[PDB]
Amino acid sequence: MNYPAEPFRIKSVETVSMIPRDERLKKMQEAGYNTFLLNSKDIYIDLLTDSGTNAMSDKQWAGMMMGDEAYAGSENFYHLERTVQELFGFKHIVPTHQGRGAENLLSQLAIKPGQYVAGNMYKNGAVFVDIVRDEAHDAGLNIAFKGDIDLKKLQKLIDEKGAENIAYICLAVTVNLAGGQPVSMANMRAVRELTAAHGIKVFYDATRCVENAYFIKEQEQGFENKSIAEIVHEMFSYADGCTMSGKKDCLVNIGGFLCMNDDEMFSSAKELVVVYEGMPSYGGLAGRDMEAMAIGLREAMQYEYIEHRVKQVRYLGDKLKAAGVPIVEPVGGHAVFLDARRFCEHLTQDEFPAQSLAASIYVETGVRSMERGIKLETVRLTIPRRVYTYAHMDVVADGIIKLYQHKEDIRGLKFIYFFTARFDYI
């Protein structure tokens, strides 16, 4: 139909308690109506985040059994190095345990104090200039590649601040607003030409780059018949490097990396490792983990894997939408946001409608959701890769639909004291 069956079989499961409502209420009480303080063993479906809770393949698990734990010269590192080179086309790679990690070196490495960094990604040394196209900012409405950079604004910045004062342009693919919005291959190539004209560097935040690639393949004219791998290799052809949190699109539970083409930039990058470590290593990334990341990255290239990933989120969004549930449109490639203000018009900001909606979803279904501030009150439903089925999406949708039909019953809360905050029903 519109929704493809999973392009894999289950190799192993994680059993669940399957605690009833009365029990879920107790737990919810004890967590003080704060979903973020719920124990993992008490949740059926955990949609808190799409970061690090991916299900790995049996291939990745075989790879975890072959960790070459040398401090240096690890064969797992060559594996990863070769994979990134081949798929992303970047010369050098500096592995980190976190994306944040990769992000730090680059900044250190590429920003002189009082220089500018601009990007589509909405303060130390640098000033960030949000250069996204203005209807990126928008909700409800649809412009396909909402995260595209506004070339007039980029050109303008260049004009009035000088190319010399621009550290680099940072383009996130996909950009993480409204559940991840795509960037066109057309805009990536335009950006490369304008910037290159002024000797400006371009770094991508490649975290959900496979998600981006699917959007391109699916909706950008001329890419209909290209491989995800072909799209991925071309996207990166327009950047000087990238930073990646492998915990998202690499189908791993940990890892990140910093990539570049620049010899010099590279050299220096290793130095900073040395200054921060004393000895250059794998940024405290086990050999087994580099191996699993290398295998996961290639697995991410299967079209059926990413099509199914995106449409599962799509499916939840659709189901919610066609029942009248107040959701934020357009639906991203990795999360669905409930509109808490519309959901609970009866409660005011002061009675924490999102917080309270999150609590009810859990009491009714065994589903954990995250309260938001995206500044509208949204309850986020973020979906990890390969962990859940459509039947699991049905559990989530059905319960929210029934909640919605009784929205009036959702009671407000009071701070009987945040990720630490404890509350009580007013």
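Position 1 is the first residue in the sequence shown; the rest follow in order.
- In terms of unmodelled positions of the deposited sequence, the stretch from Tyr417 to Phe418 in this entry skips 4 to 9 residues.
- According to the entry, the deposited sequence places 10 or more unmodelled residues between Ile374 and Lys375.
- Here the stretch with the larger average CA B-factor, out of 181-189 and 302-310, is 181-189.
- When the C-alpha B-factors of 17-25 and 408-416 are averaged, 408-416 comes out higher.
- The PDB entry gives the largest Cα B-factor of the residues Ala136, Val336, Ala292, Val175 to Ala136.
- Annotation for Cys259, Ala144, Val232, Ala286: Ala144 ranks highest, by Cα B-factor.
- Ranked within its chain, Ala72 lands in the lowest third, by CA B factor from the PDB record.
- Sorting the modelled residues of the chain by their CA temperature factor places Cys209 in the lowest third.
- In the deposited entry, the Cα temperature factor of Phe8 sits in the bottom third of values across the chain's modelled residues.
- Split the chain's modelled residues into thirds by C-alpha temperature factor. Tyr168 is in the highest one.
- Ranked by Cα temperature factor within the chain, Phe223 sits in the middle third according to the deposited record.
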